[PDB]
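Below sits a lone chain in structure tokens, taken as the form deposited in one PDB entry.
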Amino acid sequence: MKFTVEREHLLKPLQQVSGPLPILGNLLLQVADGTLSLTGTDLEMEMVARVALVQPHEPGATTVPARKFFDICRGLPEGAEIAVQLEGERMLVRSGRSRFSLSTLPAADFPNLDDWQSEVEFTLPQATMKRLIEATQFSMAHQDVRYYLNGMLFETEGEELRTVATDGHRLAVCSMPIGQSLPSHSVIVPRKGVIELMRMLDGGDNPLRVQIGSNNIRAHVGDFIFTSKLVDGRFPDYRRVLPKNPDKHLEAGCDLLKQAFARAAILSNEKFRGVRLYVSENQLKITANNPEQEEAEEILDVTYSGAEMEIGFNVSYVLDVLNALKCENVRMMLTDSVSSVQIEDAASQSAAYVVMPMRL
């Protein structure tokens, strides 16, 4: 196995196949039919990056320490030529008067995911999948014993793809039309897989092809192919959590709302983070207090014409939402003091967020 390649034709592929038993700490390298393939895996998911070889090359395959190899390539100067050749049990890397000899492990020992058949497929712009994931990712659970929440639901229905995330306390949903007729279907992508998928998306003109099997998901964009197992479990139904008829709409500028809440949060309970809202004609008042009896109060002009009411909620969750929206204006959809709140960009129903009420 031998190849010579420009440094910058390796770095993005290396970035993608690297991670965030010891062979899982290596990258599989393969030279075949004019192409260098690099694969990383943690047994649950895998990334394959292909790079065209325009310079003389010789076929073969090995595995090499991922972090050391990446760091060597990155440490070489911009534009450097990197010549690689297998020499016994070692991989030799040379560029200029810099030389390196890395340990290998056999390509035969690099683990594969089981083979599987694709049952649902669709293509969509990368920007669209990026918006879907970014809209909801922050509401996924981390390491909950309810293992099926440590991930994101992907739901196809009609011509729409939808993502849902919840940690069992708060919920995020995003839906976007993708212009293809789809079966009604849903799967749970593990949280790490979501993150890896997200980082594969450069926001470019390459279309994204998604293929979903009964136990796996695959995403293809240009020179990259990502494959992950699905979480084998039942996701909760997002539909029963959405408020039925939130008939009291408050609208206000996102930043003003966010800044008022961030100030109020400073004097809220450090563990439970409850803040109270008092809504009246075109006016919102936010209060917070803590066990030390310190108190915050914010009054803002907003748009509102419903009946007066008050509601409490977790200010950390509400701030998470307002930071995810990054938009001009926000809509808070209210029912009463004992019902959840749904929050949206005032100018788009594509993403919605639900936060539980708190009795304070």
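Here the rigid core means the biggest group of C-alpha atoms that line up within 1.5 Å when the two forms are laid on top of each other. Heads up: residue numbers just count along the shown sequence, starting at 1.
The discussion below concerns the form deposited in another entry, not included here.
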Quiz prompt | Option from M309, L319, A61, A66 moving between this form and the one not shown, CA shift at or above 2 Å, rigid core reference | solution = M309
Quiz item: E281: with the rigid core matched between this form and the one not shown, does its Cα shift 2 Å or more?
Solution: yes
Self-check item: Core-superposed comparison between this form and the one not shown, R131 Cα displacement 2 Å or beyond
Solution: no
Quiz item: Core aligned, does the CA of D247 move at least 2 Å between this form and the one not shown?
Solution: yes
